[PDB]
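Presented below is the structure to which this report refers.
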Amino acid sequence: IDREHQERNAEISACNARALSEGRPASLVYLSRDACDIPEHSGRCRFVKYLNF
Amino acid sequence: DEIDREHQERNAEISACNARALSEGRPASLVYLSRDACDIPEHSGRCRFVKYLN
Ligand SMILES: [Zn+2]
Ligand SMILES: [Zn+2]
């Protein structure tokens with residue numbers, strides 16, 4: 001779980017930074033067990049499907 | 001005007017959460033929105049976007 005969060009959060013960092021450069025709001029947030037948007041973690045994590053989109 | 005409406009509805013919900021939290025013995029940590037500090041991304045620009053206000 002934690003490795004996959006790290007992996008996903010790296011992706012999120014990259015999207016936000018790109019959003020910033022393109023003059024859009026950078027609205028994405030990092031994942032944790034209490035708010036997670038990876039379907040395969042539902043149960044182990046709180047699946048919040050549209051957390052980041 | 002619609003900006004204000006969404007601050008009201010969000011603030012109502014902040015109120016409710018804070019009180020629930022107090023009731024269960026946890027601090028009232030949520031903070032109210034205004035045009036000068038707002039965490040609704042869609043408002044960004046018209047409001048001061050403070051992403052992690054809450
Ligand atoms: Zn997860
Ligand atoms: Zn606002």
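FYI, nothing fancy with the structure tokens labels: chains A, B, ... in order, residues from 1 per chain, ligands from 1 as they appear.
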Report task. Would you give me, as a list in words, the residues of chain B that come within 9 Å of chain A, using only C-alpha atoms? Result ->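 For chain B, the answer reads residues 40, 41, 42, 44, 49 and 51 of chain B.
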Could those selected residues go to a file with N, CA, C and O atoms, as a PDB file, in the first residue's frame?
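That gives us result03.pdb:
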```pdb
ATOM      1  N   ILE B  40     -12.083  26.329  -2.348  1.00  0.00           N
ATOM      2  CA  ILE B  40     -12.824  25.785  -3.488  1.00  0.00           C
ATOM      3  C   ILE B  40     -12.080  26.114  -4.780  1.00  0.00           C
ATOM      4  O   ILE B  40     -12.057  27.258  -5.202  1.00  0.00           O
ATOM      5  N   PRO B  41     -11.440  25.112  -5.398  1.00  0.00           N
ATOM      6  CA  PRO B  41     -10.571  25.370  -6.553  1.00  0.00           C
ATOM      7  C   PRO B  41     -11.268  26.121  -7.670  1.00  0.00           C
ATOM      8  O   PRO B  41     -10.650  26.963  -8.315  1.00  0.00           O
ATOM      9  N   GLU B  42     -12.546  25.828  -7.870  1.00  0.00           N
ATOM     10  CA  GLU B  42     -13.334  26.443  -8.925  1.00  0.00           C
ATOM     11  C   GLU B  42     -13.415  27.955  -8.731  1.00  0.00           C
ATOM     12  O   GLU B  42     -13.553  28.708  -9.690  1.00  0.00           O
ATOM     13  N   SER B  44     -10.961  29.804  -7.690  1.00  0.00           N
ATOM     14  CA  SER B  44      -9.621  30.367  -7.715  1.00  0.00           C
ATOM     15  C   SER B  44      -9.540  31.566  -8.639  1.00  0.00           C
ATOM     16  O   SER B  44     -10.021  31.518  -9.762  1.00  0.00           O
ATOM     17  N   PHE B  49      -7.231  31.465  -3.242  1.00  0.00           N
ATOM     18  CA  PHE B  49      -7.249  30.021  -3.102  1.00  0.00           C
ATOM     19  C   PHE B  49      -6.200  29.586  -2.096  1.00  0.00           C
ATOM     20  O   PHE B  49      -4.998  29.779  -2.283  1.00  0.00           O
ATOM     21  N   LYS B  51      -5.400  26.247  -0.519  1.00  0.00           N
ATOM     22  CA  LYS B  51      -5.788  24.897  -0.899  1.00  0.00           C
ATOM     23  C   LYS B  51      -6.051  23.973   0.288  1.00  0.00           C
ATOM     24  O   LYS B  51      -6.936  23.113   0.238  1.00  0.00           O
TER      25      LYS B  51
END
```
Query raised in the report: When the cut-off is 8 Å and you count only C-alpha atoms and all ligand atoms, which residues lie near ligand 1, shown as number ranges by chain?
Result: A: 1-2, 4-5, 31-38, 40-42, 44-47
Near-ligand residues for ligand 2, threshold 9 Å, only C-alpha atoms and all ligand atoms, as a compact mmCIF listing (two decimals) with N, CA, C and O atoms, in the first residue's frame:
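What landed in part-v8.txt:
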```txt
# COMPACT_ATOMS: atom_id res chain seq x y z
N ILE B 3 -20.84 32.70 -5.88
CA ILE B 3 -19.66 32.54 -5.01
C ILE B 3 -20.03 32.57 -3.54
O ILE B 3 -19.61 31.71 -2.76
N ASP B 4 -20.82 33.57 -3.15
CA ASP B 4 -21.22 33.73 -1.77
C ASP B 4 -22.09 32.59 -1.30
O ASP B 4 -21.98 32.12 -0.17
N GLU B 6 -22.07 29.52 -2.31
CA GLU B 6 -21.28 28.31 -2.06
C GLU B 6 -20.43 28.42 -0.79
O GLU B 6 -20.15 27.42 -0.14
N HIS B 7 -20.00 29.63 -0.44
CA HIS B 7 -19.32 29.83 0.84
C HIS B 7 -20.28 29.54 2.00
O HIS B 7 -19.88 28.93 2.99
N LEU B 33 -14.84 29.77 5.39
CA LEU B 33 -14.40 30.38 4.13
C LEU B 33 -14.87 31.83 3.95
O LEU B 33 -15.97 32.20 4.39
N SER B 34 -14.05 32.62 3.27
CA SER B 34 -14.49 33.91 2.74
C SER B 34 -13.79 34.10 1.42
O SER B 34 -12.95 33.29 1.04
N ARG B 35 -14.11 35.18 0.71
CA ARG B 35 -13.42 35.49 -0.53
C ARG B 35 -11.93 35.66 -0.32
O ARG B 35 -11.14 35.43 -1.22
N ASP B 36 -11.53 36.04 0.88
CA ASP B 36 -10.12 36.30 1.14
C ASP B 36 -9.33 35.09 1.66
O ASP B 36 -8.12 35.19 1.88
N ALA B 37 -10.01 33.96 1.84
CA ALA B 37 -9.33 32.69 2.10
C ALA B 37 -10.33 31.58 1.85
O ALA B 37 -11.21 31.34 2.66
N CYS B 38 -10.17 30.91 0.71
CA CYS B 38 -11.17 29.97 0.21
C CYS B 38 -10.51 28.69 -0.35
O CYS B 38 -9.47 28.77 -0.99
N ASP B 39 -11.10 27.53 -0.11
CA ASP B 39 -10.44 26.31 -0.56
C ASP B 39 -11.23 25.59 -1.66
O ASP B 39 -11.05 24.40 -1.88
N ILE B 40 -12.08 26.33 -2.35
CA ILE B 40 -12.82 25.79 -3.49
C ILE B 40 -12.08 26.11 -4.78
O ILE B 40 -12.06 27.26 -5.20
N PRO B 41 -11.44 25.11 -5.40
CA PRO B 41 -10.57 25.37 -6.55
C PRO B 41 -11.27 26.12 -7.67
O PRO B 41 -10.65 26.96 -8.31
N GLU B 42 -12.55 25.83 -7.87
CA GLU B 42 -13.33 26.44 -8.93
C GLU B 42 -13.42 27.95 -8.73
O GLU B 42 -13.55 28.71 -9.69
N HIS B 43 -13.31 28.40 -7.48
CA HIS B 43 -13.35 29.82 -7.17
C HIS B 43 -12.03 30.55 -7.41
O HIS B 43 -11.98 31.77 -7.32
N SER B 44 -10.96 29.80 -7.69
CA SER B 44 -9.62 30.37 -7.72
C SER B 44 -9.54 31.57 -8.64
O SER B 44 -10.02 31.52 -9.76
N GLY B 45 -8.94 32.64 -8.14
CA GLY B 45 -8.88 33.90 -8.87
C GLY B 45 -9.86 34.91 -8.32
O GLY B 45 -9.48 35.99 -7.85
N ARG B 46 -11.13 34.56 -8.38
CA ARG B 46 -12.13 35.41 -7.80
C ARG B 46 -11.99 35.34 -6.28
O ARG B 46 -12.13 36.34 -5.61
N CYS B 47 -11.68 34.16 -5.76
CA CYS B 47 -11.32 34.02 -4.34
C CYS B 47 -9.82 33.77 -4.17
O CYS B 47 -9.16 33.30 -5.08
N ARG B 48 -9.29 34.08 -2.99
CA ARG B 48 -7.92 33.71 -2.69
C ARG B 48 -7.87 32.23 -2.38
O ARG B 48 -8.41 31.80 -1.37
N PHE B 49 -7.23 31.46 -3.24
CA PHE B 49 -7.25 30.02 -3.10
C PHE B 49 -6.20 29.59 -2.10
O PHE B 49 -5.00 29.78 -2.28
```
Report task. Can you work out which one of B:2, B:14, B:9, B:52 has the shortest atom-to-atom distance to residue B:31, counting only C-alpha atoms? Result -> B:14
Query raised in the report: Just how far from atom CA of residue B:1 is atom CA of residue B:16, in Å to one decimal?
Result: 23.1 Å
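Per DSSP on the backbone, alpha helix (DSSP H) in chain B comprises residues 2, 3, 4, 5, 6, 7, 8, 9, 10, 11, 12, 13, 14, 15, 16, 17, 18, 19, 20, 21, 22 and 23 of chain B.
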Query - Straight-line distance linking atom CA of residue A:30 with atom CA of residue A:12, stated in Å to one decimal - result: 6.8 Å
